[PDB]
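Taking it in order: structure first as C-alpha cells, then the write-up.
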Amino acid sequence: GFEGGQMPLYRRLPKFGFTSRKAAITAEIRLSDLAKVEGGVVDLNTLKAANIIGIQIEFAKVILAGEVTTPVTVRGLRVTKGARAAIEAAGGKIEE
Amino acid sequence: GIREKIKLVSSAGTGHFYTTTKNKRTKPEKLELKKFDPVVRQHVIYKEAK
Amino acid sequence: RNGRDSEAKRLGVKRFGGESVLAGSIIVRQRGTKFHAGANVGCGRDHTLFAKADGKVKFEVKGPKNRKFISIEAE
Amino acid sequence: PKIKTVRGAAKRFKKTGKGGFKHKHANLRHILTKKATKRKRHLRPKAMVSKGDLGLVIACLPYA
RNA sequence: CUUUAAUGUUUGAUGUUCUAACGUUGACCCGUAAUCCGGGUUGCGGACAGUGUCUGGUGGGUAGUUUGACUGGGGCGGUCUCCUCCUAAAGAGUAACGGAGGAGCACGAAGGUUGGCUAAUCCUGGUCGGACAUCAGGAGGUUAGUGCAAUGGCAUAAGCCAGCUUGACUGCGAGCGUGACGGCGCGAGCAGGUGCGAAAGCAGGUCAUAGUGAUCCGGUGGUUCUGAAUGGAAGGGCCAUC
RNA sequence: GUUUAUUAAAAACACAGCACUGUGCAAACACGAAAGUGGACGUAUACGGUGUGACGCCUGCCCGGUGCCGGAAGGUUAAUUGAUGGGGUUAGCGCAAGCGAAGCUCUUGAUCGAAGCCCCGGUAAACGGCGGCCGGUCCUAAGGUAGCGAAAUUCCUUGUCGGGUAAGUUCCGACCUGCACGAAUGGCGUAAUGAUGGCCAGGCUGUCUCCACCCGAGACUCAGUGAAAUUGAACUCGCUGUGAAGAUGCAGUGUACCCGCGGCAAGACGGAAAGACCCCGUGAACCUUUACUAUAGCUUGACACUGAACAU
RNA sequence: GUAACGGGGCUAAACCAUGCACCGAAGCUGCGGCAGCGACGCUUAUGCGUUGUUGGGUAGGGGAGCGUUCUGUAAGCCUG
RNA sequence: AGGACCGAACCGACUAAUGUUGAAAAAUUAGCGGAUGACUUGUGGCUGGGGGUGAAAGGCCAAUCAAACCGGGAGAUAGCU
RNA sequence: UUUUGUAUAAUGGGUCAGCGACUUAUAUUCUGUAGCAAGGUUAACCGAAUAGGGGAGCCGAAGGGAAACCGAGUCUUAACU
C-alpha cells in the first residue's frame, strides 16, 4: 500500500460500518441440504448432526437454492417465501 | 471571513435543520424561511438557531 | 514575480458536426455562449451545450447577428 | 507464517460478489455547509474501487 | 419547624509547654587490651528535622531527537494550493527561478419568477454652474454596465427598475465530460412538496470560470440498527452537522 | 615554570597578588540508590567556587533587561477535599405518553490549598550597557570619564608628515574622521626575564655575484647473497587533426636497422590513499541554546512514620 | 611541425549545364541450408512435392535445451 | 640566601640537514632550554570509559581517543557503490 | 561496469588453480498438470506406521445491506418509471 509518500488509498478513504456478533451465529440453509438430514425432520440440532452448520450456529434460514423432492418438516427455522413455496410444493410442512 | 455559520431549524419538531451562513454585523435580525422538511414532507417555517 | 498559472480547463468542442449523440452528451464546453443552443440542445449553468435527444450534431449560423447555433437532428 | 491483513484496509473495504471492493466516499466528513446538496447526495452512496487501485487493495486484503 | 446561647464532644487553625516516637558525626559503662557496630545510662534537640508515596515550580546537569524541497552547484533571495491571459505551433494537452494580474470572499438579496426599461461620450440652450452636479432636445449606437483580476460572453439582454416570493428545496438520475487515483464537473428526466406567472412555462442559488483541505480523534441533533447471561443503559453504526 | 608523546612551546595554561561569592561545622562542595569517605583529624587570619593575573597610577557612570538577593497588600496556581447540579438503573404509582423514593453508579466541579510567576527594593571586580540635536532642548538606565589610539584592534590604506635607506606596503615617532579602544572577559606604563614577534647597525662570512679545487661515504665495475611498490594484454615513435572534448594505439603524414649500460625527469591525465574541498543521503557522531519531549538534582505543599497538655 | 584539398599532385584531376557508361553495402536478386508464424490439399496422433511471410537488439517478458554431483532403475551393465 | 647565574651527568626538544620501501611505526649529527627545584628518578600502590586524569592542548588513559580494547545484540541499518 | 555518450587519459582485474552470490520455511494469488466433482479435502492424533481410521475443521455451491434483516434478490427512498 505504499505510494511513494502520497497518502495511500486505505488511509485516504474513511472507515465505515461495524461488525455484528449476530452474523457469526446466523447461517443459511440451501434446499439441497434438507434431504441430507437424517430422520426427515429439519431443525438446528439435526442439521448440526448432519454437519450442515457449525456447532456455534444459533439461527438458520432456509432459502430457495437447489431442489427439494421429498416431504420435509421444518421447525424453529425461518424460511424465505420461495423456499416456503418450494417446500410446500413437495408435500412439506413449516412450523415456527 | 466575517460571515459566520448558522443552522435553520424546522418548526415541525422533527429536528431537521438546514445549514447556511449569515453576516451578523449587517442585518442582525433572525433569519426565517419556508423550507422543505423531509421528515414531515411539507414546507415548514425554519428559524435561525445556533 | 511571474511564476503562476491555472490548471487548464479542457474547454472546446467535444463533439463535431454530423456525429451521432445520445441524449445528455456534452457538445461544447465554453466560457460565455460562443455557440448558442438551437433545436434539441440545452444550455447549462456554465453555458455547456448538451443534447436533449438522440440524434446527429449540426452546426449552423442564424439570425441577424450571424450567431452560431448547435442543433441535434433526429436520425 | 500466515499473511497479516492490513487492518485499516479491512475497515475501509468490503468484497463484493464478482470480486470487486466497495468503499465509502471521501469529502463527506466535516466541511459540509459550503458543499452543494447535489455533491453530497452523490457522495453518500458507496462506490467500487477502480482498476488502478484494485492491485493495491488486493495486496492489502489477502484473506478478503 | 424559623432563630439563637454552651459544652463532654469530631476534626480546621495560630501559639506556647511537654515527652514517650524519632535524631545526635555530645559524655560515661559494657560486648572488648576495638575512633566500626550494637546495647545501656545521661544530656541536648523533639513531633521539628528527616525518609516513603503523591504534587506545583525550576532544571542543557544528563538524554533522545527535529531543524523541508525546488534551485543552470550550494547558500542568501524567491517560490510551494487555486483562478485569467499569453508562450501553446487554428481539436485537447504541453516546460523554465518565462511574460503579466488576481483569489483564501460577498449577497436572504446581490437568489427565484412576472411585468417593464435601455447605455458611454459629446454637441447645443438653460438660475447660482465652474472643462465636469440636475433639466430639454440632437448626433452616437454599447466606445456603457457586470459585487471583486483577466478571458470569453450578454439586447430575447446575463445590464437597470419594481410587485410577489424562498427552487440558496428533499430523494434520485438516462447520458456525458475531465482526471493515474482520491475526485471534480454538466445534465434532460421521474417522485414529493412549493414560489411566480392568465398561460405556455421558469426556478435543485448568483453572466461563467478563483473564494479551498483527504484521513484519523473527537463534539452536537436525530435514528430503539447493535446492545458481550437476560431487561435497560454505556459504547458503537447510519443520517445531518462542527 | 606547563602545554597539543608523533607537523604548533607561544602572546596560550599556570603563577605570587587582588576582588566577589558561598560556607557556623554533621560546613559548603564532591565521590557515592546507601552506608560511608574526602574537605579536615582543618574551624571564617579556614575551606570551596568564580574572575582577573607581579609591581606603580588607577579602576569613571548605568540596576532600565537577564541573573542572584531581600521583602511583601494583593492576583493566578497542584496534589488532596468534594457543595450543588445533571444522567443510568428500579420500589411503586400509572386503563397510559410518562412519572419516579432508597441504594449502588457515571458525570460536573462550589470550598481549602504552598512555593512559583505577577509586583516593590538592592546588587555590575554578576551577565552586560555607556546618545543626539541647535549655536538651551528630545530621548535614555546612563549616555565612554582617566588613559590610550592606522593598535595582535583602522575597511578605504602603502592614510599624512617626519626619521632611517640611493630607493622603506615592514619598523620608529608624532597626528586623530577610533569602519569597529577603554578601564579586574581589566586601562595605561613598567626595571628584570624570554630556544617569543618586528626593525636597524658593527663584526663575520661560499647566503650570493659565480663557482673552483680537495678529502672521505655512496653512485660505477667485479665476486657472494638478494627485496619493493606496480602490473588487462603489448610487436609500447613525432606531428597535425579527429574523438568522452588534452592520443604510443584512430585518420593523414614524417621519421625509424636489432639489443644493452650510465644518466635526467617532460608524458605515460605515472605510484601511493573507493577526494579531506563541494554536494548529496529524510546518513552518523560530538558541542550549544529562551528548539521539542523528557529526566537526575534542587525546591513547595498534602498524606504516613507522628503523640500529649494548654490558651485564643 | 607543412597543418584551412586526407596526402600526392592537379590550370584540370576546379566550377556550371547537359549526356551516356562504370565502381560502389551485411540494400536487392541468384544458388544451397536452418528456424518460427500462418494459410492451404492430400490427410489424420501429422509431416510434405507444397506456398506466403518473418528471423538486429539493451532493460525485460515468453519457449526449449546442454552439462555437473547425488537417489531409484541397479546384487543390473561396463571394468585390471 | 636564592623556584639566582655559566655549565657536565640527568630531564627535555627551539633550528637546520639527513632519513621518509628509514639503522628507527618519531630517530641521527650539529647547534639548543632547565639543570637545588613548581626538579628528576627507581620500587610498589590508587583513580576505569559518558568514566578517570588533565599548570587545559580535547591533551593523555598499552604505537589506538570529540568517548579505549575485547566479546555479544549482530547477518544492526545502508532508498548507496 | 557505469552512462546521453567510453579506444578512452572514467572503475575493476598481475596470472593460474580451488571456492564465491536469487536460497529455505510457512501463507496467499495466478498458470500447467493429475484425481474427484456440487462437491473437494483433511490437521493434530490412533495405527505392526508412506496403508487404513480420524471430516475437528477449511474452501465451494447466494447475494445485498453499516446493521437488524431480507433473499435470486436486496439496498437506497415515503416510493421508484
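Residue numbers start from 1 in every chain, and the chains themselves are labelled A, B, ... in the order their sequence lines are given, proteins ahead of strands. Side chains included, hydrogens not; waters and symmetry mates left out as well; all remaining heavy atoms used.
A straight line from CG of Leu32(D) to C1' of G221(E) spans 14 Å, rounded to a whole angstrom. In this entry the distance linking CG of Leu33(B) with P of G193(E) reads 21 Å, nearest Å. Rounded to an integer number of Å, the gap from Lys65(C) NZ to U156(E) P is 7 Å. Look at NZ on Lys9(C): it is 6 Å from P on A210(E), rounded to the nearest Å. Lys40(D) places its NZ atom 15 Å from the P atom of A168(E), with the value rounded to the nearest Å. Look at NZ on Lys38(D): it is 12 Å from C1' on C172(E), rounded to the nearest Å. Between the CD1 atom of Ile52(A) and the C1' atom of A61(I) there is a distance of 12 Å, given to the nearest Å. Across the protein-nucleic acid pair, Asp5(C) atom CG and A210(E) atom P stand 14 Å apart, rounded to whole Å.
For the neighbouring bases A40(F) and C41(F), no stacking contact is recorded, as ring-centre distance under 5.5 Å and ring-plane angle under 30° do not both hold. Between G74(E) and its strand neighbour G75(E) the base rings stack, satisfying centres under 5.5 Å and planes under 30°. For the consecutive pair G50(H)/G51(H), the pyrimidine-type rings do not sit with centres less than 5.5 Å apart and planes less than 30° apart, so they do not qualify as a stack. Consecutive residues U21(H) and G22(H) form an unstacked step, taking six-membered ring centres below 5.5 angstrom and planes below 30 degrees as the test.
Between the base of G63(I) and the side chain of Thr16(D) there is no donor-acceptor pair shorter than 3.5 Å. For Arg39(D) against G185(E), a side-chain-to-base donor-acceptor contact under 3.5 Å is absent. In the interface, the side chain of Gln6(A) is paired with the base of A180(E) through a donor and an acceptor atom under 3.5 Å apart. For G71(I), the base has a donor-acceptor partner in the side chain of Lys61(A) [N/O atoms by modelled type, under 3.5 angstrom]. Interface remark: the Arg41(D) side chain does form a donor-acceptor pair with the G173(E) base, using a distance-only criterion of under 3.5 Å.
At the heavy-atom level, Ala53(C) lies nowhere under 4.0 Å from the strands shown. Within 4.0 Å (heavy atoms only), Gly42(C) reaches no atom of the nucleic acid at all. Looking at heavy-atom distances under 4.0 Å, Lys22(D) makes contact with sugar-phosphate atoms alone, never a base. Looking at heavy-atom distances under 4.0 Å, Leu22(C) makes contact with sugar-phosphate atoms alone, never a base. Residue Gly32(C) is classed as a base contact, given a heavy-atom separation below 4.0 Å to a base. Within 4.0 Å (heavy atoms only), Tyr63(D) reaches sugar-phosphate atoms of the nucleic acid but no base atom. Within 4.0 Å (heavy atoms only), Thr19(B) reaches sugar-phosphate atoms of the nucleic acid but no base atom. Counting non-hydrogen atoms under 4.0 angstrom, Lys18(D) reaches nothing in the nucleic acid. Using a 4.0 Å heavy-atom cutoff across all strands shown, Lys51(D) reaches no nucleic acid atom at all.
In this structure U146(E) is paired with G153(E), meeting the Watson-Crick or G-U wobble definition at both distances under 3.5 Å. Nucleotides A150(E) and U209(E) are base-paired: the Watson-Crick or wobble atom pairs both lie closer than 3.5 Å. A Watson-Crick or G-U wobble pair joins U21(F) and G48(F), with the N1-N3 or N1-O2 distance and the second distance both under 3.5 Å. Base-pair annotation: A47(E) with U9(E) fails the Watson-Crick or G-U wobble criterion (two N/O distances, each under 3.5 Å). For the criterion of Watson-Crick or G-U wobble pairing, both bonds shorter than 3.5 Å, the nucleotides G152(E) and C207(E) count as partners. No Watson-Crick or G-U wobble pair joins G67(G) and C76(E) with the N1-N3 or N1-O2 distance and the second distance both under 3.5 Å. Judged by the 3.5 Å cutoff on both pairing distances, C303(F) and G52(E) qualify as a Watson-Crick or G-U wobble pair. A291(F) and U65(E) are base-paired: they meet the Watson-Crick or G-U wobble geometry, with both hydrogen-bonding distances under 3.5 Å. Base pair annotation for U24(E) with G43(E): paired, by the Watson-Crick or G-U wobble rule (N1-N3 plus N6-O4 or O6-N4, or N1-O2 plus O6-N3, under 3.5 Å). No canonical Watson-Crick or G-U wobble pair links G8(G) to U170(F) with each of its two hydrogen-bond distances shorter than 3.5 Å.
You'll find that the side chain of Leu43(D) is closest to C184(E), out of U170(E), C184(E), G152(E).
One distance of note links CG of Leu32(D) with NZ of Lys5(B); it measures 10.5 Å at 0.5 Å rounding.
In this structure a side-chain-to-backbone donor-acceptor pair under 3.5 Å is present from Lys14(C) to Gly12(C). With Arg11(A) contributing its side chain and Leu9(A) its backbone, the two residues share no donor-acceptor pair below 3.5 Å.
Comparing the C1' positions of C47(F) and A11(F) gives a spacing of 35 Å, expressed to the nearest Å. Between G68(E) and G153(E), the distance separating the two P atoms is 49 Å to the nearest Å. Distance check on atom P: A152(F) versus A12(F) gives 15 Å, rounded to whole Å. Using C1' as the reference atom, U43(F) and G122(F) are 31 Å apart when rounded to the nearest Å. Distance check on atom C1': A266(F) versus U248(F) gives 15 Å, rounded to whole Å. Separation of the P atoms belonging to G182(E) and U87(E) is 34 Å when rounded to the nearest angstrom.
When each of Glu7(C) and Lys24(D) is assigned the nucleotide of RNA chain E bearing its nearest heavy atom, the one mapping closer to the 5' terminus is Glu7(C). Nearer the 5' end of RNA chain E, as judged by each residue's closest nucleotide, is the contact made by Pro38(B), out of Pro38(B) and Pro14(A).
Summarising the base pairing, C82(E) is matched to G102(E) through a Watson-Crick or G-U wobble pair whose two defining distances lie under 3.5 Å.
Side-chain N/O atoms of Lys34(D) include none lying less than 4.0 angstrom from OP1 or OP2 on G211(E). Put simply, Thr37(D) has a side-chain N or O that comes within less than 4.0 Å of OP1 or OP2 on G171(E). The phosphate of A100(E) has neither OP1 nor OP2 within less than 4.0 Å of any side-chain N or O from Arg1(C). The side chain of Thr19(A) contributes no N or O atom lying less than 4.0 Å from OP1 or OP2 of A66(I). Checking the phosphate oxygens (OP1, OP2) of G108(E), a side-chain nitrogen or oxygen of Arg3(B) falls inside 4.0 Å.
Ring pair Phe35(C)/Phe69(C): centre-to-centre distance not below 6.0 Å.
Using a 3.5 Å distance cut-off with no hydrogens or angles, the side chains of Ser50(D) and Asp53(D) do pair a donor with an acceptor.
A positive value of the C1'-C2'-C3'-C4' torsion places the sugar of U66(F) in the north (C3'-endo) family.
Base orientation of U4(F): syn (glycosidic angle within 90° of 0).
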